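Student: so I pulled this structure from the PDB, and the sequence comes with it:
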Amino acid sequence: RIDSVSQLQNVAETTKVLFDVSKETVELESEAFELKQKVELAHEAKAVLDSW
Amino acid sequence: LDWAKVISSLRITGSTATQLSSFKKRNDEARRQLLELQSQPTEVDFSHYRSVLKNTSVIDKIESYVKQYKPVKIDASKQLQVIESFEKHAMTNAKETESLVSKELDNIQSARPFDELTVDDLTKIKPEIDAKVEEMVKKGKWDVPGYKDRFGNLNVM
């Protein structure tokens, strides 16, 4: 009975976490892409200015 | 943030060890990438680049387009694979406990007259006893298997 009761809370927490984990991955990838694209444009402009 | 409860949240089966390890590694990697990267756009020093460049009106034009908008590798919340599965998982694993665990001290609630329980009462509650004794007599086994070890036979010799 203790094991069966503990499974109900665990399954309910594990179900909610799966939806959050998928959202967190998408949000981290978007931020990482935007930061990488902005740093590339800044580095390219700086390198061209420094050479000139 | 369940640390010790998320390692033992599964049943007796070791099949969910691969799925739990993959989910933890993905969450840690995503959090680390956001903290290692800068939480801002870009500096874009146009003040020192427009006057240092050889060709006229080239830094000024690049600066203006990089500070507007551009594409990024992102998605939308249309492909809700994990959200649709969450309802189904709760409805088969978490809802099963509401009728299995809930159905499972009635033994002590019914009191115990073992010093005065009748063999007719056991025959009435169990016809299996009567059938086992009847077939055990018909085949001829007057022995009782496993009686002598816990109960002394008290033969003279």
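Tutor: Received the coordinates, thanks. Residues are numbered from 1 along each chain as shown, chains lettered A, B, ... in the order given.

Student: neighbours around residue B:42, how many?
Tutor: 19 (other Cβ atoms under 10 Å in any protein chain shown). Yep, even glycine has a C-beta here, placed from its N, CA and C like the rest.

Student: and the gap between it and chain A?
Tutor: Applying Cβ to the nearest Cβ, to the nearest Å, one obtains 4 Å for the distance of residue B:42 from chain A.

Student: in what helix or strand does that residue lie?
Tutor: Using DSSP states H and E, residue B:42 sits within no helix or strand.

Student: isn't it up against residue A:41?
Tutor: Yes: Residue B:42 lies in contact with residue A:41 (Cβ atoms under 8 Å); the separation is 6.2 Å.

Student: give the residues shared as contacts by these two.
Tutor: By Cβ atoms under 8 Å, 6 or more residues apart in numbering or on different chains, residue B:42 and residue A:41 have these common neighbours: residue B:66.

Student: which residues are in contact with the closest residue to residue A:26 other than its chain neighbours?
Tutor: Nearest residue to residue A:26, sequence neighbours excluded (Cβ to Cβ, 6 or more residues apart in numbering or on different chains): residue B:75, at 5.3 Å. Residues near residue B:75 by Cβ under 8 Å, 6+ apart: A:26, A:29-30.

Student: out of those residues, which end up buried?
Tutor: Taking 16 or more other Cβ atoms under 10 Å in any protein chain shown as the criterion, what is buried in those is residue A:29.

Student: with secondary structure as new columns, can the contacts of residue B:75 be given to me in a markdown table?
Tutor: Formatted as a markdown table, the contacts of residue B:75 follow (DSSP: H, G, I helix; E, B strand; the rest coil):
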| residue | secondary structure |
| --- | --- |
| A:26 | helix |
| A:29 | helix |
| A:30 | helix |
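
Student: of all the contacts of residue B:75, which comes closest to chain B?
Tutor: Nearest to chain B among the contacts of residue B:75 is residue A:30, at 3.8 Å by Cβ to the nearest Cβ.

Student: what are the contacting residues of stretch B:146-156?
Tutor: Outside stretch B:146-156, not one residue touches it by Cβ under 8 Å, 6+ apart.

Student: quick one: classify residue B:143 as helix, strand or coil.
Tutor: Going by three-state DSSP: residue B:143 is coil.

Student: count the residues that sit near it.
Tutor: 9.

Student: next: residue B:99.
Tutor: 9.

Student: how close does residue B:28 get to chain A?
Tutor: As judged by Cβ to the nearest Cβ, residue B:28 and chain A stand 11 Å apart.

Student: what is the helix or strand hosting that residue packed up against?
Tutor: Taking DSSP H and E as the definition, one finds residue B:28 inside helix B:17-36. Packing contacts for helix B:17-36, counted by 3 or more Cβ pairs under 8 Å, 6 or more residues apart in numbering or on different chains; DSSP states H and E, involve helix A:2-51.

Student: quick one, the helix it packs on and helix B:17-36 angle?
Tutor: Per axes from the mean of the first three to the mean of the last three Cα atoms, to 10 degrees, the angle that helix A:2-51 makes with helix B:17-36 is 40 degrees.

Student: can you give me the offset of helix A:2-51 from its chain's centre?
Tutor: Offset of helix A:2-51 from its chain centre (Cα atoms, centre = their mean, to the nearest Å): 0 Å.
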